[PDB]
file input39.pdb (PDB, C-alpha atoms and all ligand atoms)
MODEL        1
ATOM      1  CA  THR A 120      84.023  41.641  -5.908  1.00  0.00           C
ATOM      2  CA  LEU A 121      82.876  41.654  -9.509  1.00  0.00           C
ATOM      3  CA  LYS A 122      86.471  42.331 -10.560  1.00  0.00           C
ATOM      4  CA  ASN A 123      86.615  38.536 -10.467  1.00  0.00           C
ATOM      5  CA  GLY A 124      83.583  37.954 -12.674  1.00  0.00           C
ATOM      6  CA  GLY A 125      79.805  37.630 -12.166  1.00  0.00           C
ATOM      7  CA  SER A 126      76.463  39.141 -13.287  1.00  0.00           C
ATOM      8  CA  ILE A 127      75.867  42.908 -13.579  1.00  0.00           C
ATOM      9  CA  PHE A 128      72.243  43.892 -13.060  1.00  0.00           C
ATOM     10  CA  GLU A 129      72.087  41.387 -10.196  1.00  0.00           C
ATOM     11  CA  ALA A 130      74.916  42.778  -8.047  1.00  0.00           C
ATOM     12  CA  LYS A 131      74.255  43.156  -4.324  1.00  0.00           C
ATOM     13  CA  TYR A 132      75.549  45.842  -1.901  1.00  0.00           C
ATOM     14  CA  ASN A 133      76.207  45.860   1.886  1.00  0.00           C
ATOM     15  CA  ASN A 134      74.227  48.027   4.308  1.00  0.00           C
ATOM     16  CA  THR A 135      75.833  47.084   7.616  1.00  0.00           C
ATOM     17  CA  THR A 136      74.566  43.620   8.770  1.00  0.00           C
ATOM     18  CA  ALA A 137      72.897  42.689   5.447  1.00  0.00           C
ATOM     19  CA  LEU A 138      73.183  42.161   1.663  1.00  0.00           C
ATOM     20  CA  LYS A 139      70.539  43.716  -0.611  1.00  0.00           C
ATOM     21  CA  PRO A 140      70.124  44.271  -4.423  1.00  0.00           C
ATOM     22  CA  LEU A 141      72.018  47.332  -5.744  1.00  0.00           C
ATOM     23  CA  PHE A 142      69.993  48.745  -8.583  1.00  0.00           C
ATOM     24  CA  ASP A 143      66.586  48.629  -6.873  1.00  0.00           C
ATOM     25  CA  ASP A 144      67.855  50.464  -3.766  1.00  0.00           C
ATOM     26  CA  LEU A 145      69.932  53.233  -5.408  1.00  0.00           C
ATOM     27  CA  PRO A 146      68.344  56.708  -4.742  1.00  0.00           C
ATOM     28  CA  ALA A 147      67.027  59.012  -7.381  1.00  0.00           C
ATOM     29  CA  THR A 148      69.872  61.513  -7.164  1.00  0.00           C
ATOM     30  CA  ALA A 149      72.840  59.130  -6.846  1.00  0.00           C
ATOM     31  CA  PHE A 150      75.019  56.774  -8.840  1.00  0.00           C
ATOM     32  CA  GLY A 151      76.742  53.617  -7.694  1.00  0.00           C
ATOM     33  CA  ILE A 152      79.920  51.963  -9.011  1.00  0.00           C
ATOM     34  CA  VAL A 153      80.884  48.331  -9.796  1.00  0.00           C
ATOM     35  CA  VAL A 154      84.496  47.400 -10.543  1.00  0.00           C
ATOM     36  CA  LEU A 155      84.743  45.167 -13.560  1.00  0.00           C
ATOM     37  CA  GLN A 156      88.536  45.210 -14.210  1.00  0.00           C
ATOM     38  CA  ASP A 157      91.307  46.502 -11.882  1.00  0.00           C
ATOM     39  CA  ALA A 158      94.749  44.951 -11.715  1.00  0.00           C
ATOM     40  CA  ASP A 159      96.223  46.968  -8.856  1.00  0.00           C
ATOM     41  CA  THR A 160      93.341  47.288  -6.365  1.00  0.00           C
ATOM     42  CA  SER A 161      93.228  51.014  -7.066  1.00  0.00           C
ATOM     43  CA  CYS A 162      89.469  51.220  -6.543  1.00  0.00           C
ATOM     44  CA  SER A 163      88.431  51.243  -2.857  1.00  0.00           C
ATOM     45  CA  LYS A 164      84.887  51.950  -1.603  1.00  0.00           C
ATOM     46  CA  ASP A 165      85.877  55.252   0.033  1.00  0.00           C
ATOM     47  CA  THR A 166      88.196  56.362  -2.877  1.00  0.00           C
ATOM     48  CA  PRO A 167      87.448  54.980  -6.388  1.00  0.00           C
ATOM     49  CA  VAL A 168      90.495  56.115  -8.330  1.00  0.00           C
ATOM     50  CA  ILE A 169      90.742  54.541 -11.810  1.00  0.00           C
ATOM     51  CA  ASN A 170      94.144  54.165 -13.547  1.00  0.00           C
ATOM     52  CA  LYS A 171      95.337  52.880 -16.909  1.00  0.00           C
ATOM     53  CA  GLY A 172      93.682  49.580 -17.768  1.00  0.00           C
TER
ATOM     54  CA  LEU B 170     123.782  68.542  -2.482  1.00  0.00           C
ATOM     55  CA  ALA B 171     122.073  67.678   0.794  1.00  0.00           C
ATOM     56  CA  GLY B 172     118.754  66.484   1.959  1.00  0.00           C
ATOM     57  CA  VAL B 173     116.682  67.782   4.834  1.00  0.00           C
ATOM     58  CA  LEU B 174     114.421  65.266   6.575  1.00  0.00           C
ATOM     59  CA  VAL B 175     111.123  66.469   8.203  1.00  0.00           C
ATOM     60  CA  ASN B 176     108.645  64.287  10.212  1.00  0.00           C
ATOM     61  CA  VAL B 177     105.699  66.186   8.950  1.00  0.00           C
ATOM     62  CA  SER B 178     103.055  64.149  10.679  1.00  0.00           C
ATOM     63  CA  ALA B 179     104.657  64.989  14.004  1.00  0.00           C
ATOM     64  CA  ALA B 180     105.367  68.611  13.105  1.00  0.00           C
ATOM     65  CA  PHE B 181     101.846  69.516  12.011  1.00  0.00           C
ATOM     66  CA  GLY B 182     100.328  66.961  14.359  1.00  0.00           C
ATOM     67  CA  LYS B 183      98.456  65.156  11.555  1.00  0.00           C
ATOM     68  CA  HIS B 184      99.168  63.482   8.207  1.00  0.00           C
ATOM     69  CA  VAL B 185      98.718  65.831   5.217  1.00  0.00           C
ATOM     70  CA  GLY B 186      95.800  64.737   3.047  1.00  0.00           C
ATOM     71  CA  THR B 187      95.066  64.895  -0.659  1.00  0.00           C
ATOM     72  CA  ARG B 188      94.400  68.209  -2.463  1.00  0.00           C
ATOM     73  CA  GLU B 189      96.151  70.238   0.275  1.00  0.00           C
ATOM     74  CA  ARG B 190      98.919  72.847  -0.120  1.00  0.00           C
ATOM     75  CA  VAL B 191     102.037  73.363   1.958  1.00  0.00           C
ATOM     76  CA  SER B 192     104.393  76.270   1.603  1.00  0.00           C
ATOM     77  CA  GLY B 193     107.442  77.638   3.331  1.00  0.00           C
ATOM     78  CA  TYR B 194     110.989  78.858   3.217  1.00  0.00           C
ATOM     79  CA  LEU B 195     114.353  77.634   4.502  1.00  0.00           C
ATOM     80  CA  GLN B 196     115.897  80.866   5.668  1.00  0.00           C
ATOM     81  CA  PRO B 197     119.677  81.061   6.139  1.00  0.00           C
ATOM     82  CA  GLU B 198     121.490  83.353   8.543  1.00  0.00           C
ATOM     83  CA  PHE B 199     122.370  85.569   5.628  1.00  0.00           C
ATOM     84  CA  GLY B 200     121.240  85.437   2.008  1.00  0.00           C
ATOM     85  CA  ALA B 201     118.162  84.499   0.047  1.00  0.00           C
ATOM     86  CA  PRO B 202     115.755  81.797   1.279  1.00  0.00           C
ATOM     87  CA  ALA B 203     114.885  78.633  -0.565  1.00  0.00           C
ATOM     88  CA  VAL B 204     111.120  78.698  -1.364  1.00  0.00           C
ATOM     89  CA  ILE B 205     109.117  75.488  -0.931  1.00  0.00           C
ATOM     90  CA  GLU B 206     105.619  75.147  -2.383  1.00  0.00           C
ATOM     91  CA  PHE B 207     103.532  72.174  -3.406  1.00  0.00           C
ATOM     92  CA  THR B 208     100.009  70.847  -3.536  1.00  0.00           C
ATOM     93  CA  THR B 209      99.594  67.174  -2.665  1.00  0.00           C
ATOM     94  CA  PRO B 210      97.973  65.348  -5.609  1.00  0.00           C
ATOM     95  CA  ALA B 211      94.361  64.274  -5.847  1.00  0.00           C
ATOM     96  CA  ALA B 212      94.999  60.554  -5.571  1.00  0.00           C
ATOM     97  CA  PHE B 213      97.660  58.917  -3.528  1.00  0.00           C
ATOM     98  CA  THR B 214      98.440  55.633  -5.321  1.00  0.00           C
ATOM     99  CA  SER B 215     102.058  54.566  -4.526  1.00  0.00           C
ATOM    100  CA  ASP B 216     104.257  54.686  -1.446  1.00  0.00           C
ATOM    101  CA  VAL B 217     106.835  57.274  -2.543  1.00  0.00           C
ATOM    102  CA  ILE B 218     105.460  60.397  -4.306  1.00  0.00           C
ATOM    103  CA  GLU B 219     107.282  63.010  -6.293  1.00  0.00           C
ATOM    104  CA  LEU B 220     105.856  66.224  -4.889  1.00  0.00           C
ATOM    105  CA  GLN B 221     108.597  68.232  -6.705  1.00  0.00           C
TER
HETATM  106 CA    CA A 301      93.732  50.193 -11.272  1.00  0.00          CA
ENDMDL
END
call {"tool": "encode", "arguments": {"input": "input39.pdb", "output": "structure tokens"}}
result
Amino acid sequence: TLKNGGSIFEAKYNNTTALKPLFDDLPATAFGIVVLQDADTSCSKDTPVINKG
Amino acid sequence: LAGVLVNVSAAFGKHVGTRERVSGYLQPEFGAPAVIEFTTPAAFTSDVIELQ
């Protein structure tokens, strides 16, 4: 959603049925991704492909 | 110049995914066959793709 503006470092994420803070929950061996600019909806949760811009 | 149409998803029974290869030959009654070989790209991102 943050492609349309907001605060990093306070982004939530969606475990089914709830919303919870991203950074605090992220496991020690994993990285998460937050779309800040994407004109053509190329990033999707199951396939984050980034293209020019 | 002529174009052969194949309903791949029906032929192989599923849609071909990303990072997969497909290879073959169109074999005439006599003479050398036309080789076909391509690997589908890593990221589908547009409706018509130039597998070439
Ligand atoms: Ca994009």
call {"tool": "residues_near_point", "arguments": {"input": "input39.pdb", "point": "(85.0, 43.3, -9.2)", "cutoff": "6 Å", "atoms": "all atoms listed in the file", "output": "number ranges by chain"}}
result
A: 120-123, 154-155
call {"tool": "atom_distance", "arguments": {"input": "input39.pdb", "atom1": "atom CA of residue B:209", "atom2": "atom CA of residue A:169"}}
result
17.9 Å
call {"tool": "residues_near_ligand", "arguments": {"input": "input39.pdb", "ligand": "ligand CA 301 (chain A)", "cutoff": "6 Å", "atoms": "all atoms listed in the file", "output": "ChimeraX atom specification"}}
result
/A:157-161,169-170
call {"tool": "closest_atom_pairs", "arguments": {"input": "input39.pdb", "of": "chain B", "to": "chain A", "cutoff": "10 Å", "atoms": "only C-alpha atoms", "output": "Markdown table"}}
result
| residue | atom | partner | partner_atom | distance |
| --- | --- | --- | --- | --- |
| B:211 | CA | A:168 | CA | 9.4 |
| B:212 | CA | A:168 | CA | 6.9 |
| B:213 | CA | A:168 | CA | 9.1 |
| B:214 | CA | A:161 | CA | 7.2 |
| B:215 | CA | A:161 | CA | 9.9 |
call {"tool": "resolve_selection", "arguments": {"input": "input39.pdb", "expression": "the PyMOL selection byres (((chain A and resi 151) around 10) and not hetatm)", "output": "JSON, numbers by chain"}}
result
{"A": [132, 141, 142, 145, 146, 149, 150, 152, 153]}
call {"tool": "atom_distance", "arguments": {"input": "input39.pdb", "atom1": "atom CA of residue B:176", "atom2": "atom CA of residue B:221"}}
result
17.4 Å
call {"tool": "atom_distance", "arguments": {"input": "input39.pdb", "atom1": "atom CA of residue B:192", "atom2": "atom CA of residue B:207"}}
result
6.5 Å
call {"tool": "axis_aligned_box", "arguments": {"input": "input39.pdb", "around": "stretch 136-149 of chain A", "padding_each_side": "3 Å", "output": "AutoDock Vina command-line options"}}
result
--center_x 70.6 --center_y 51.8 --center_z 0.1 --size_x 14.0 --size_y 25.4 --size_z 23.4
call {"tool": "resolve_selection", "arguments": {"input": "input39.pdb", "expression": "the PyMOL selection byres (((chain B and resi 189) around 9) and not hetatm)", "output": "VMD selection string"}}
result
chain B and resid 185 to 188 190 to 191 207 to 211
